[PDB]
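Report on the structure
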Amino acid sequence: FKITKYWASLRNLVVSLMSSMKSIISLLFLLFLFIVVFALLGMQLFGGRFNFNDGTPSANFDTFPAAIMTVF
Amino acid sequence: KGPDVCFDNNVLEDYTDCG
Amino acid sequence: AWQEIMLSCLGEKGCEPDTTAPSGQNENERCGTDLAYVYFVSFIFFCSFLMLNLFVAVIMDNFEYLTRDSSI
Amino acid sequence: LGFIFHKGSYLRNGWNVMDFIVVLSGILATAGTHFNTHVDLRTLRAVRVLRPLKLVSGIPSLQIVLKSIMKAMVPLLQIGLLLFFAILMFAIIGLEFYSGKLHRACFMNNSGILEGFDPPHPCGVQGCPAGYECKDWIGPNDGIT
Amino acid sequence: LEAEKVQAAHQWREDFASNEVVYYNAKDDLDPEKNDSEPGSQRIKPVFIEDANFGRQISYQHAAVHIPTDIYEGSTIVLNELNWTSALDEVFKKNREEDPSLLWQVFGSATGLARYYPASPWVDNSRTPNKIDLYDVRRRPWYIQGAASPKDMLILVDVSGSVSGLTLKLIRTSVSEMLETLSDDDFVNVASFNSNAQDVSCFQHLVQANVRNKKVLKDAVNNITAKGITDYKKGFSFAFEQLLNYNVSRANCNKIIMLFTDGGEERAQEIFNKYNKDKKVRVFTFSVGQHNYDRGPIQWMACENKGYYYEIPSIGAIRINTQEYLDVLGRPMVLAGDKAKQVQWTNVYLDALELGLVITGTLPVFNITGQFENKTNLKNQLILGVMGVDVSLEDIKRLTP
Amino acid sequence: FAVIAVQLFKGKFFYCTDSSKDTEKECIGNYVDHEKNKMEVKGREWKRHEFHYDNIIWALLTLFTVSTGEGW
Ligand SMILES: *[C@@H]1O[C@H](CO)[C@@H](O[C@@H]2O[C@H](CO)[C@@H](O[C@@H]3O[C@H](CO)[C@@H](O)[C@H](O)[C@@H]3O)[C@H](O)[C@H]2NC(C)=O)[C@H](O)[C@H]1NC(C)=O
Ligand SMILES: CC1(C)O[C@@H]2[C@@H](CO[C@@]3(COS(N)(=O)=O)OC(C)(C)O[C@@H]23)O1
Ligand SMILES: CCCCCCCCCCCCCCCC
Ligand SMILES: CCCCCCCCCCCCCCCC
Ligand SMILES: *[C@@H]1O[C@H](CO)[C@@H](O)[C@H](O)[C@H]1NC(C)=O
Ligand SMILES: *[C@@H]1O[C@H](CO)[C@@H](O)[C@H](O)[C@H]1NC(C)=O
Ligand SMILES: *[C@@H]1O[C@H](CO)[C@@H](O)[C@H](O)[C@H]1NC(C)=O
Ligand SMILES: [Ca+2]
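Parameters at a glance
We count residues from 1 along each chain, following the written sequence rather than the entry's numbering, and we skip any residue without coordinates. Written order determines the labels here, with chains lettered from A and ligands numbered from 1. Taken from a larger assembly, the chains shown here are the sole basis for all values reported. To obtain the side-chain values, all non-hydrogen atoms of the structure were included, while hydrogens and water were left out. Orientation is described by lines fitted to C-alpha atoms, with helices fitted over the stretch in contact, and by angles between N-to-C directions that extend from 0 to 180 degrees. Strands are runs of DSSP state E lasting at least 2 residues, helices are runs of H or I lasting at least 4, and numbering of each runs from the N terminus. Convention used here: angles under 35 degrees read as roughly parallel, angles over 145 as roughly antiparallel, angles from 65 to 115 as roughly perpendicular, and any remaining angle as oblique. Only heavy atoms matter for contacts: two residues are in contact if any of them lie within 4.5 Å across the pair. Any residue outside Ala, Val, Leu, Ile, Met, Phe, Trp, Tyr, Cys, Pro, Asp, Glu, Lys and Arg is labelled polar, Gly included; the first ten of those are nonpolar and the last four are charged. By definition, the buried area sums, over both parts, the 1.4 Å-probe accessible area that each loses when the two are put together. Any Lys or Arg side-chain nitrogen located within 4 Å of an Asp or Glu carboxyl oxygen qualifies as a salt bridge. Pairs of N or O atoms within 3.5 Å make up the polar contacts considered here, provided that, within protein, one atom can donate a hydrogen while the other can accept it, and that residues adjacent in sequence are counted only when both atoms are side-chain atoms. Whether a residue is near a molecule or strand depends on its heavy atoms: if one lies within 4 Å, it is near. Where accessible areas are quoted, they stem from the Shrake-Rupley method and a 1.4 Å probe; at the residue level, only the protein chains shown are allowed to cover.

As documented in the archive entry, the model was determined using cryo-EM at 3.0 Å resolution.

Residue and element names in this part refer to chain F. Two numbers describe how helix α1 (residues 2-9) lies on helix α2 (residues 56-67): the axes approach to 9 Å, and their chain directions differ by 110 degrees. In terms of orientation, α1 lies roughly perpendicular with respect to α2. Of the residues in α2, those touching α1 at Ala-2, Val-3 and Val-6 are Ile-56, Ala-59, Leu-60 and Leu-63. Per-class residue counts for the contact of α1 with α2 are seven nonpolar, no polar and no charged.

Attention now moves to the interface of chain E and chain A. Listed per partner, the contact involves five residues of chain E and five residues of chain A. Both faces combined, the contact of chain E with chain A buries some 350 Å², and carbon together with sulfur accounts for 37% of it. If you sort the residues of chain E by the area they bury against chain A, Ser164(E), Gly165(E) and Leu166(E) come out on top, with a joint share of 72%. Linking chain E with chain A are zero salt bridges. Between the two partners, chain E and chain A, sit one residue pair in polar contact.

With that settled, consider the site of ligand 5. All names here are of chain E. In the vicinity of ligand 5, the contacting residues are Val-6, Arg-13, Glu-20, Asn-83 and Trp-84. At 3.2 Å from an oxygen atom of ligand 5 is found a side-chain nitrogen or oxygen belonging to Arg-13. Between an oxygen atom of ligand 5 and a side-chain N or O atom of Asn-83, the distance comes to 2.4 Å. Protein chains shield 53% of the accessible area of ligand 5, which is 350 Å² for the free molecule. Among the residues making up the shell around ligand 5, the classes are represented as two nonpolar, one polar and two charged.

Next up, the structure:
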C-alpha cells in the first residue's frame, strides 16, 4: 500500500489503534471478566444438570472451558 | 454338584494384554 | 440456516416429476447445481451490504436529531 | 473508614457495597455445618461468582473504562423501552391468535407406540397428511415455544 | 483335531483378489443374482433339497457360513477364516457319512463366524425387514460353555452421581447383557457402590445364575438410581469380601469382578494389596458412557489384577465387550493343553435353526502355530473357537423305548 | 486464518457413519443402528463433515459461514 495514495488512510488507522491500546486491552478484559462471571453463574445454575437421558450436549456448563464456550 | 475340573490361575499365563 | 439450504440445493439432487413430459424420468437426477455456493455466498454479501447502506442512509439522514444537544 | 453514617464511609463507595455483600455471603455460606444447612439454602454460594468483579474494584484503571462504556449505553434506555413495547405489542396479538392452537400433532396411528415426525407436524383444520391421526401434544420445544 | 492341524498350517494373507475364497453365505437369497457376491470372495449357489430329519432345506455338499450383521464379510480376518475353515467341510462330510443320524455340526469361530455343516438358509434373518439378525455365535450357550470354565462373577455397578443420564442407561443394559452370558454352573451377584456398597437385590451372597435368579438380578439392576459420591475402596471391599464367602454354594473357580464405572482418579492400590495379594481374583473394568473423566485408574486395575479393560461408549458396543471377557478367561484353559479337551454337554435349549430341544456337545479348538519349533506365541493363548455337534432330545427318546 | 485452519484441521474432518469404527479401512460393511430407537441395519459410510477445512477454498467457505454466524 505504500506505493498507492491509500497509505495515509491506513497508517493513520494503525497509529490510532496502537496509541489506544491500553484502552482496547483494558476493555476486551472487561468483556472477558463479564463472560467469566456469566460462565460461573451458569455453572452454578446448570452445572451437571445437563446430563439428559439422550446424552449431555456439547453446550454444557459442567466444566469451565465448556461454560466459557457456551456463554460465548 | 458342580463340574469336576476347571482351569484358572496358570503361572505361564501372559498378563500383558490389558487394553 | 442458510448454509444448509445452500448445501441442499447443490448438484445431483432429485427432481420433480414435471407431469408434462415422457422422457427424463430416471435421468436428469441432476436437478441441483453447484452454483449454489455462488448464489448464497453472494446474496449474503449483497443483502448484508445493501442493508447496511439503507441503515446508514437513514442514520445520516437524522444525524441532527441523533447529535442533538441541550447546548446547541 | 466509616460504615454508613460517616459521609466518606465504607458503603458510600459504590464498589465496596458489593465487596461487602460478597464477603457477607462468604461468612454466611460457611456457617452451614454449624446448623447442618437445615435452612437448605442452595442459594448463597451463587454470590461467590461475583468475586471476579472484585478485580474491577481493585484496579481503578478498569473502573474508569467500565464507567465510560456504561455511559455510552444510557441513550439506549429508550430503544429498550421501544423494544419492550414492540415485544409486548406482538405478544398481545400472539395471545389473541395462537393462544391454544399448538397442541395437536400428527402422530402415526400405530396405536400404543405413537410415532410422529422428528420435526413434529402440528394439526389444525389443516389435518394430518396420509395415514397419521391428530393426537394431543405438548408444545413445540417440549412445550416452551 | 483337523481344525487345529489345518489352522497351524495356514499362512497369513491380504491378497484375496486373485486367490479368492469360495463359500456359501447362509444369509443370501435364492434368486440367481450375481450382485449377491462380494469383492474379496465368491459365493456358492447351492442346490437345496428338503429333509424331514432337519425339517428345512439341506444340502450335504458344503457347510454354510453365518457372519454376524455387524461383521464385514470381506475383512482380512474373516477371509482368512473362510479360507482355513474349508477343510472342515470334508471332515464334516466324513463325519456324516460315518453316522447318518447326525444333526448340525458347527465350528463357531472367535472371529464371529459360524460354519455349520448341513448347509441350510439362515432361519428367519436372511432378508426381511423389522427382524434383524442379532445372532452371534460367540454368545450362544454352547460357545460360552466350551470357551471357559465356570465363573464366580461379582458385578460392581458404579451408581454414583456422575453416571446419571445416559451412562446409567448403558450400565443397566450392559449388566443385563453380562448376566445374559451366564450358565447354570456360574454364580453371580450384583453389587453397587456410592460412598458405601450394597447389594442391588435381595441376594446377599453369590447365587446361582439360573433363569429365576438372573431375572431377579436384572429386575433389581433396572431399578437402580444414581446419587452420591463414589468410593472405590468401600465398593471393592464389598466385592472382595463377597468372593471370600465360602459358606454358600459356589463354583469354586474363576473368581471375577466386573467393575462397571465411568472413570475417576482412584486406583485403590492398598485394597488390591490387602485383598487380592497373590492375584487369585481377576478384575475386569468397563468404562461406560460418552464422557471425558480419567480412565487411567480403570485401565490400571485390569493390568494390576490379571484383567482386561473394555470401553462401552454406546449401545452397539454393549454386545461385544462381554463375550470379550470370555475371550480373556480362556487363557488357563488353553495353557493346560490336552487336559482341557473334554467334551461337555449343554443344558437343553432350543436350536437356533429350528429343531426343538437339543443338547450340544462342545470342544474348544486351540491355536497351534508355534509347536516343535517353539516361538514367541503372541496370541497362542486364545482359542480359535468351539466345535459343537448337536444331539436332539427326540434322538435320546428313541433309545428309551 | 484460512491457511492456519487448513494446517490445523486438514483431513481431520472425517467420520464413519458407525461411531465405533474410526478409519476408512474399518468403515466398510453394514451395522445395526440402535440410536434411531428403531434398531435398523444401515450401511457404514466414511464421510466428511459438510463444512470442512481441507483446501484453502473450503477453509474460506467454512470461515465465511462462521463470520455470518450461522451454524458455527
Ligand atoms: C494363531 O496364532 C498365530 C500366531 O501365534 C496367528 O497368526 C498371526 O496372526 C497375526 C495377526 O492376527 C499376523 O500378523 C500380521 O501379519 C502380517 C504379515 O506378516 C502383517 O502384515 C500384519 O501387519 C500383522 O503383523 C501374523 O502374520 C500371523 N502369523 C504369524 C506366524 O505370526 C493366528 O492369527 C492365530 N489364529 C487365529 C485364528 O487368530
Ligand atoms: C465514545 C467513544 C467513541 O467510546 C469511548 C469513548 C472514549 O474512547 C473510548 C473508545 O475506545 S478506544 N480504546 O478505541 O479509545 O475509549 C474508551 C476509554 C474505552 O472509551 C471509549 O469514545
Ligand atoms: C505502520 C503500519 C502500516 C500498516 C498498513 C496497513 C494497515 C491495515 C489495517 C490494519 C488493521 C489491523 C487490525 C487487526 C485485527 C484486530
Ligand atoms: C459510584 C460508582 C460506582 C457505581 C455503583 C457500582 C457499580 C458496580 C457494581 C454493580 C455491578 C453489576 C453487578 C451485577 C451483576 C453483573
Ligand atoms: C487357503 O487359500 C489358498 C488360496 O486359494 C488355497 O490354496 C488353500 O487351500 C486355502 N486353505 C485351505 C485350508 O483350504
Ligand atoms: C424399586 O422400584 C420400586 C418401584 O417404584 C421403588 O418403589 C423402589 O424404591 C425401588 N427400590 C429401591 C431399593 O428403592
Ligand atoms: C460362615 O461360617 C462361619 C463358620 O460357622 C461363621 O463363623 C461365619 O460367620 C459365616 N459367615 C461368613 C460370612 O463367613
Ligand atoms: Ca462418580
